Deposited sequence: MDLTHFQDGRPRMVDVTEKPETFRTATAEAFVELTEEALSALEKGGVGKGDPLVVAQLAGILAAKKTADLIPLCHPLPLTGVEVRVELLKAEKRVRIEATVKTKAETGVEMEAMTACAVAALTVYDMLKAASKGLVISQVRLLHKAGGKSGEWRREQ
């Protein structure tokens, strides 16, 4: 059955996780983003930070923990016609923060979509994936 894995007996260690996500743009959406309801990139960046803090409330079996660092970047890559979101979360705990990084990116992407769907309902959040993490038994991991 589902359960929040017991990690009470594990030491408190430095954890970090970095993830990224992309939103593929149409020419219509790109134009809009270049013109600036508000700036999609700015609002999305903040939504990502807020989302990182709300992660345990969204992911059922996720361990609630105090975050000591959250960085989110939402950039427009004109030539590639897409928005790149990257998030790095840190803490000191018995479990990792991969979910916090992944959720920050996903919600920032959803926010970019929210800000541009008026003219482009077909915009796709192409990928959401982990790039790196450190801490824990498994140790350092890189894509």
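- Coordinate coverage of the deposited sequence is interrupted at 1-9, 46-48, 156-157, where no C-alpha atom was modelled.
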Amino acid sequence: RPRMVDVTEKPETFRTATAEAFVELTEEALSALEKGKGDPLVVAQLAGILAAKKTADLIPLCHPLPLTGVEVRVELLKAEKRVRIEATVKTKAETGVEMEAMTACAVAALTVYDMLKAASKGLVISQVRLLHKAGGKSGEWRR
From here on, numbers count along this sequence of modelled residues.
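- Look at the mean CA B-factor for 92-100 and for 105-113 in the entry; the higher one is 92-100.
- If you average the C-alpha B-factors over 40-48 and over 24-32, the higher value belongs to 24-32.
- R129 sits in the lowest third of its chain by CA B factor, as recorded in the PDB entry.
- Looking at the C-alpha B-factors along this chain, the one for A87 belongs to the lowest third.
- Among all modelled residues in this chain, the alpha-carbon of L123 has a temperature factor (C-alpha) in the middle third.
- Remark: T13 belongs to the highest third of its chain, ranked by C-alpha B-factor as recorded.
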